[PDB]
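Next up, work_12.txt (compact mmCIF, C-alpha atoms (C1' of nucleotides)):
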```txt
# COMPACT_ATOMS: atom_id res chain seq x y z
CA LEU A 29 -67.29 -29.73 6.37
CA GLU A 30 -67.76 -33.33 7.71
CA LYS A 31 -67.93 -35.23 11.06
CA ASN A 32 -68.45 -38.85 12.19
CA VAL A 33 -67.80 -41.27 15.11
CA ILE A 34 -67.78 -45.12 14.90
CA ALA A 35 -67.89 -47.53 17.87
CA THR A 36 -64.88 -49.86 18.36
CA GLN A 37 -65.35 -53.48 19.56
CA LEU A 38 -68.26 -53.40 22.07
CA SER A 39 -67.74 -54.34 25.76
CA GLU A 40 -69.88 -57.23 27.14
CA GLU A 41 -72.33 -54.79 28.86
CA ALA A 42 -72.62 -52.87 25.56
CA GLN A 43 -73.34 -56.22 23.79
CA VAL A 44 -76.27 -56.84 26.20
CA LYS A 45 -77.50 -53.26 25.56
CA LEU A 46 -77.26 -54.03 21.79
CA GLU A 47 -79.64 -57.03 22.27
CA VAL A 48 -82.01 -54.75 24.25
CA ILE A 49 -81.85 -52.10 21.50
CA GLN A 50 -82.56 -54.82 18.88
CA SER A 51 -85.55 -55.97 21.05
CA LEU A 52 -86.81 -52.33 20.92
CA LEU A 53 -86.05 -51.82 17.17
CA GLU A 54 -89.04 -53.80 15.74
CA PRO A 55 -92.26 -52.56 17.39
CA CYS A 56 -95.02 -50.26 16.05
CA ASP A 57 -97.71 -50.54 18.86
CA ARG A 58 -97.70 -48.49 22.14
CA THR A 59 -98.81 -51.64 24.05
CA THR A 60 -95.80 -53.53 22.61
CA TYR A 61 -93.44 -50.65 23.52
CA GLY A 62 -94.68 -50.89 27.15
CA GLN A 63 -94.32 -54.71 27.21
CA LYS A 64 -90.78 -54.82 25.70
CA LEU A 65 -89.49 -51.80 27.72
CA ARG A 66 -90.60 -53.52 30.98
CA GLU A 67 -89.05 -56.87 29.98
CA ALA A 68 -85.87 -54.94 29.02
CA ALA A 69 -85.85 -53.28 32.52
CA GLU A 70 -86.02 -56.83 33.99
CA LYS A 71 -83.28 -58.12 31.59
CA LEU A 72 -81.01 -55.17 32.53
CA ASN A 73 -82.31 -55.18 36.16
CA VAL A 74 -82.81 -51.36 35.96
CA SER A 75 -85.72 -48.87 36.36
CA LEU A 76 -88.16 -48.40 33.45
CA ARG A 77 -86.92 -44.77 33.21
CA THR A 78 -83.34 -46.13 32.80
CA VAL A 79 -84.37 -48.20 29.73
CA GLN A 80 -86.10 -45.09 28.29
CA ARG A 81 -82.83 -43.14 28.83
CA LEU A 82 -80.86 -45.94 27.03
CA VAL A 83 -83.19 -45.84 23.98
CA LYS A 84 -82.90 -42.01 23.89
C1' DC B 1 -106.04 -43.43 30.44
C1' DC B 2 -101.37 -44.03 28.34
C1' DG B 3 -96.88 -42.30 26.88
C1' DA B 4 -92.99 -38.98 26.96
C1' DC B 5 -89.98 -35.32 29.22
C1' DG B 6 -88.12 -32.32 33.18
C1' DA B 7 -86.85 -31.49 38.73
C1' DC B 8 -85.00 -33.19 42.53
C1' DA B 9 -82.73 -36.50 45.01
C1' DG B 10 -79.71 -40.74 45.42
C1' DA B 11 -76.09 -44.12 44.23
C1' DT B 12 -71.84 -45.02 41.37
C1' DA B 13 -67.38 -45.90 38.70
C1' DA B 14 -63.77 -42.71 36.09
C1' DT B 15 -60.22 -39.43 37.41
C1' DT B 16 -56.77 -37.72 40.13
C1' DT B 17 -53.72 -38.08 44.00
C1' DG B 18 -51.24 -40.47 47.24
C1' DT B 19 -48.64 -44.56 49.20
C1' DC B 20 -45.97 -48.83 48.77
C1' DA B 21 -43.17 -52.64 46.86
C1' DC B 22 -40.22 -54.41 43.11
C1' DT B 23 -36.80 -53.13 39.39
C1' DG B 24 -33.63 -51.68 34.92
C1' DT B 25 -29.63 -49.26 34.73
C1' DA B 26 -25.31 -46.27 35.30
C1' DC B 27 -20.99 -45.75 38.40
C1' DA B 28 -17.24 -47.85 36.21
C1' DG B 29 -9.94 -43.21 32.31
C1' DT B 30 -12.03 -40.34 27.91
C1' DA B 31 -14.73 -36.26 22.41
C1' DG B 32 -12.22 -31.82 22.38
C1' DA B 33 -9.54 -32.79 18.53
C1' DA B 34 -7.35 -33.63 13.75
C1' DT B 35 -7.02 -31.83 9.00
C1' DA B 36 -7.73 -29.46 5.15
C1' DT B 37 -8.89 -24.74 2.78
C1' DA B 38 -9.21 -19.35 1.76
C1' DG B 39 -8.01 -14.69 2.91
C1' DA B 40 -5.48 -10.87 4.80
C1' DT B 41 -0.97 -8.95 6.49
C1' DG B 42 3.92 -8.20 6.89
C1' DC B 43 9.24 -8.49 5.90
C1' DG B 44 12.67 -9.04 2.47
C1' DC B 45 14.92 -8.49 -2.06
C1' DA B 46 15.13 -7.31 -6.79
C1' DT B 47 14.11 -3.91 -10.54
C1' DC B 48 13.46 -0.12 -12.16
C1' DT B 49 12.95 5.38 -12.50
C1' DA B 50 14.36 10.55 -12.13
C1' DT B 51 17.69 13.90 -10.42
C1' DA B 52 22.17 15.40 -10.48
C1' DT B 53 25.65 16.25 -12.10
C1' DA B 54 31.40 17.98 -13.27
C1' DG B 55 34.25 17.35 -17.10
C1' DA B 56 34.91 18.13 -21.89
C1' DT B 57 33.99 20.86 -26.09
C1' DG B 58 32.65 24.42 -29.25
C1' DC B 59 32.38 29.24 -30.01
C1' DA B 60 32.36 34.22 -29.70
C1' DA B 61 34.10 38.70 -28.16
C1' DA B 62 38.19 41.34 -25.92
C1' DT B 63 41.83 42.66 -26.00
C1' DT B 64 47.15 42.26 -26.96
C1' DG B 65 51.39 42.12 -28.84
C1' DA B 66 53.45 42.31 -33.18
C1' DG B 67 53.81 44.00 -37.46
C1' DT B 68 53.29 47.15 -42.04
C1' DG B 69 52.17 51.43 -44.73
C1' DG B 70 52.08 56.63 -45.64
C1' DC B 71 53.97 61.53 -45.12
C1' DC B 72 58.78 64.81 -45.21
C1' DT B 73 63.55 72.37 -48.32
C1' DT B 74 68.06 73.50 -50.08
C1' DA B 75 72.47 75.93 -51.85
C1' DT B 76 76.87 79.16 -50.74
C1' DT B 77 80.28 81.88 -46.92
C1' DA B 78 82.24 82.28 -42.13
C1' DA B 79 83.76 80.62 -37.00
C1' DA B 80 83.94 76.41 -33.36
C1' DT B 81 84.92 71.12 -32.06
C1' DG B 82 86.38 66.33 -33.55
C1' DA B 83 89.20 63.73 -37.38
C1' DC B 84 92.14 62.37 -42.17
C1' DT B 85 96.00 63.29 -46.04
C1' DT B 86 100.58 65.58 -48.00
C1' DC B 87 105.34 68.01 -47.36
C1' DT B 88 109.68 69.21 -44.71
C1' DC B 89 113.33 68.01 -40.85
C1' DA B 90 122.11 68.94 -45.34
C1' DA B 91 126.95 70.01 -43.14
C1' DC B 92 132.04 72.88 -44.20
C1' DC B 93 133.86 75.95 -47.25
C1' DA B 94 134.72 80.62 -48.54
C1' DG B 95 134.91 85.76 -47.28
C1' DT B 96 135.82 89.41 -42.96
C1' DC B 97 137.60 91.03 -38.21
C1' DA B 98 139.56 92.39 -33.37
```

structure tokens encoding of this file:
Amino acid sequence: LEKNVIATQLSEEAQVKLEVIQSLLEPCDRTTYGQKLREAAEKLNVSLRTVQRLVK
DNA sequence: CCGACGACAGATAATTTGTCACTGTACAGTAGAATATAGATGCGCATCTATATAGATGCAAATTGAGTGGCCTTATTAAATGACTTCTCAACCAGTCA
């Protein structure tokens, strides 16, 4: 048996979250995760735990 | 010391429900009805049939009247009755007598 889901055209908030996810797609260093997660919290204006929930 | 995940609490749009204002649309005589078909049922009229003959005919006893055929002692006499046949049926003159 088979299953899949595909996103339609993204909303503007989902576009911003796509740029944040792309900003968090590159790194390999724990220091750089901490830096880019905190800048992403500032870019989204959310808590650091909120950005962690978004990545998850 | 740094990073990731769970508990608890807090804030938030999606969902559902309710209320309110503006609006497209039906009310305007109208689809029960027309037109085929098959299939079964019933009344009428004809077309046979099977029974029922009484009249006519042929025949065979059953007398019935009307025929026809076959079988029989005889000769004399006498009487009686009834018949037949034959024959016959003159008239005056001549010789006695009381």

Write out as JSON an axis-aligned box for segment 49-67 of chain A: all of its atoms listed in the file, 6 Å added on each side, centre and edge lengths in Å with one decimal.
```
{"center_x": -90.3, "center_y": -52.7, "center_z": 23.4, "size_x": 29.0, "size_y": 20.4, "size_z": 27.2}
```

Distance table requested - chain B against chain A, cut-off 10 Å, all atoms listed in the file: one row per qualifying residue with the closest atom pair and its distance in Å to one decimal, ordered by chain and rising residue number, as a tab-separated table.
```
residue	atom	partner	partner_atom	distance
B:2	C1'	A:58	CA	8.5
B:3	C1'	A:58	CA	7.8
B:4	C1'	A:80	CA	9.3
```

Keeping only C-alpha atoms (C1' of nucleotides), write those residues as a PDB file, in the frame of the given file.
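Wrote out-v2.pdb, looks like this:
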```pdb
ATOM      1  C1'  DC B   2    -101.370 -44.030  28.340  1.00  0.00           C
ATOM      2  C1'  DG B   3     -96.880 -42.300  26.880  1.00  0.00           C
ATOM      3  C1'  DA B   4     -92.990 -38.980  26.960  1.00  0.00           C
TER       4       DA B   4
END
```

- Item | Residues within 12 Å of residue 77 of chain A, all atoms listed in the file, excluding chain neighbours under 6 positions, as number ranges by chain | A: 62, 65-66, 68-69, 83-84; B: 4-5

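Pairwise distance (atom CA of residue 72 of chain A, atom CA of residue 39 of chain A) equals 14.9 Å.
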
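Separating atom CA of residue 56 of chain A from atom CA of residue 41 of chain A is a distance of 26.4 Å.
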
- Å distance separating atom CA of residue 76 of chain A from atom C1' of residue 6 of chain B, one decimal place: 16.1 Å

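With distances taken over all atoms listed in the file, A:71 is the one residue among A:30, A:79, A:71, A:60 lying closest to residue 44 of chain A.
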
Using the atoms already present, construct N, CA and C atoms for segment 31-58 of chain A and hand them back as a PDB file, in the coordinates of the input.
```pdb
ATOM      1  N   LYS A  31     -68.172 -34.622   9.744  1.00  0.00           N
ATOM      2  CA  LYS A  31     -67.930 -35.230  11.060  1.00  0.00           C
ATOM      3  C   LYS A  31     -68.532 -36.624  11.127  1.00  0.00           C
ATOM      4  N   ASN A  32     -67.890 -37.547  11.841  1.00  0.00           N
ATOM      5  CA  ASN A  32     -68.450 -38.850  12.190  1.00  0.00           C
ATOM      6  C   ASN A  32     -67.719 -39.484  13.379  1.00  0.00           C
ATOM      7  N   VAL A  33     -68.369 -40.422  14.056  1.00  0.00           N
ATOM      8  CA  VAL A  33     -67.800 -41.270  15.110  1.00  0.00           C
ATOM      9  C   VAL A  33     -68.294 -42.697  14.898  1.00  0.00           C
ATOM     10  N   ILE A  34     -67.435 -43.699  15.057  1.00  0.00           N
ATOM     11  CA  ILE A  34     -67.780 -45.120  14.900  1.00  0.00           C
ATOM     12  C   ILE A  34     -67.400 -45.851  16.186  1.00  0.00           C
ATOM     13  N   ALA A  35     -68.248 -46.735  16.705  1.00  0.00           N
ATOM     14  CA  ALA A  35     -67.890 -47.530  17.870  1.00  0.00           C
ATOM     15  C   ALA A  35     -66.803 -48.561  17.534  1.00  0.00           C
ATOM     16  N   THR A  36     -65.810 -48.720  18.405  1.00  0.00           N
ATOM     17  CA  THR A  36     -64.880 -49.860  18.360  1.00  0.00           C
ATOM     18  C   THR A  36     -65.591 -51.148  18.793  1.00  0.00           C
ATOM     19  N   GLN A  37     -64.850 -52.247  18.952  1.00  0.00           N
ATOM     20  CA  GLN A  37     -65.350 -53.480  19.560  1.00  0.00           C
ATOM     21  C   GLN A  37     -66.129 -53.180  20.855  1.00  0.00           C
ATOM     22  N   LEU A  38     -67.382 -53.635  20.929  1.00  0.00           N
ATOM     23  CA  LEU A  38     -68.260 -53.400  22.070  1.00  0.00           C
ATOM     24  C   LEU A  38     -67.822 -54.224  23.292  1.00  0.00           C
ATOM     25  N   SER A  39     -67.866 -53.627  24.484  1.00  0.00           N
ATOM     26  CA  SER A  39     -67.740 -54.340  25.760  1.00  0.00           C
ATOM     27  C   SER A  39     -68.922 -55.295  25.984  1.00  0.00           C
ATOM     28  N   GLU A  40     -68.810 -56.248  26.901  1.00  0.00           N
ATOM     29  CA  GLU A  40     -69.880 -57.230  27.140  1.00  0.00           C
ATOM     30  C   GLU A  40     -71.189 -56.567  27.604  1.00  0.00           C
ATOM     31  N   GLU A  41     -71.129 -55.548  28.469  1.00  0.00           N
ATOM     32  CA  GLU A  41     -72.330 -54.790  28.860  1.00  0.00           C
ATOM     33  C   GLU A  41     -72.949 -54.070  27.656  1.00  0.00           C
ATOM     34  N   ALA A  42     -72.129 -53.480  26.786  1.00  0.00           N
ATOM     35  CA  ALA A  42     -72.620 -52.870  25.560  1.00  0.00           C
ATOM     36  C   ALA A  42     -73.244 -53.914  24.608  1.00  0.00           C
ATOM     37  N   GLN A  43     -72.714 -55.140  24.612  1.00  0.00           N
ATOM     38  CA  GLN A  43     -73.340 -56.220  23.790  1.00  0.00           C
ATOM     39  C   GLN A  43     -74.769 -56.456  24.305  1.00  0.00           C
ATOM     40  N   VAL A  44     -74.938 -56.621  25.623  1.00  0.00           N
ATOM     41  CA  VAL A  44     -76.270 -56.840  26.200  1.00  0.00           C
ATOM     42  C   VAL A  44     -77.197 -55.676  25.843  1.00  0.00           C
ATOM     43  N   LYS A  45     -76.726 -54.433  25.963  1.00  0.00           N
ATOM     44  CA  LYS A  45     -77.500 -53.260  25.560  1.00  0.00           C
ATOM     45  C   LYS A  45     -77.839 -53.286  24.065  1.00  0.00           C
ATOM     46  N   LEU A  46     -76.963 -53.802  23.206  1.00  0.00           N
ATOM     47  CA  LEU A  46     -77.260 -54.030  21.790  1.00  0.00           C
ATOM     48  C   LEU A  46     -78.423 -55.018  21.597  1.00  0.00           C
ATOM     49  N   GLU A  47     -78.491 -56.115  22.351  1.00  0.00           N
ATOM     50  CA  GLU A  47     -79.640 -57.030  22.270  1.00  0.00           C
ATOM     51  C   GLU A  47     -80.938 -56.360  22.741  1.00  0.00           C
ATOM     52  N   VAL A  48     -80.865 -55.533  23.782  1.00  0.00           N
ATOM     53  CA  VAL A  48     -82.010 -54.750  24.250  1.00  0.00           C
ATOM     54  C   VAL A  48     -82.461 -53.754  23.196  1.00  0.00           C
ATOM     55  N   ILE A  49     -81.537 -53.018  22.587  1.00  0.00           N
ATOM     56  CA  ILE A  49     -81.850 -52.100  21.500  1.00  0.00           C
ATOM     57  C   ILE A  49     -82.456 -52.835  20.306  1.00  0.00           C
ATOM     58  N   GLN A  50     -81.938 -54.000  19.924  1.00  0.00           N
ATOM     59  CA  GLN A  50     -82.560 -54.820  18.880  1.00  0.00           C
ATOM     60  C   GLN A  50     -83.972 -55.284  19.271  1.00  0.00           C
ATOM     61  N   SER A  51     -84.208 -55.617  20.543  1.00  0.00           N
ATOM     62  CA  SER A  51     -85.550 -55.970  21.050  1.00  0.00           C
ATOM     63  C   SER A  51     -86.538 -54.802  20.977  1.00  0.00           C
ATOM     64  N   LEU A  52     -86.037 -53.570  20.988  1.00  0.00           N
ATOM     65  CA  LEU A  52     -86.810 -52.330  20.920  1.00  0.00           C
ATOM     66  C   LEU A  52     -86.782 -51.678  19.523  1.00  0.00           C
ATOM     67  N   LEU A  53     -86.183 -52.339  18.528  1.00  0.00           N
ATOM     68  CA  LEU A  53     -86.050 -51.820  17.170  1.00  0.00           C
ATOM     69  C   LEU A  53     -87.239 -52.162  16.260  1.00  0.00           C
ATOM     70  N   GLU A  54     -87.890 -53.301  16.508  1.00  0.00           N
ATOM     71  CA  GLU A  54     -89.040 -53.800  15.740  1.00  0.00           C
ATOM     72  C   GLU A  54     -90.369 -53.029  15.910  1.00  0.00           C
ATOM     73  N   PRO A  55     -90.834 -52.713  17.134  1.00  0.00           N
ATOM     74  CA  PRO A  55     -92.260 -52.560  17.390  1.00  0.00           C
ATOM     75  C   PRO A  55     -92.883 -51.298  16.774  1.00  0.00           C
ATOM     76  N   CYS A  56     -94.204 -51.354  16.590  1.00  0.00           N
ATOM     77  CA  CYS A  56     -95.020 -50.260  16.050  1.00  0.00           C
ATOM     78  C   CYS A  56     -96.265 -49.934  16.912  1.00  0.00           C
ATOM     79  N   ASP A  57     -96.536 -50.692  17.982  1.00  0.00           N
ATOM     80  CA  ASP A  57     -97.710 -50.540  18.860  1.00  0.00           C
ATOM     81  C   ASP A  57     -97.317 -50.067  20.264  1.00  0.00           C
ATOM     82  N   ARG A  58     -97.977 -49.031  20.797  1.00  0.00           N
ATOM     83  CA  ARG A  58     -97.700 -48.490  22.140  1.00  0.00           C
ATOM     84  C   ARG A  58     -97.792 -49.544  23.243  1.00  0.00           C
TER      85      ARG A  58
END
```
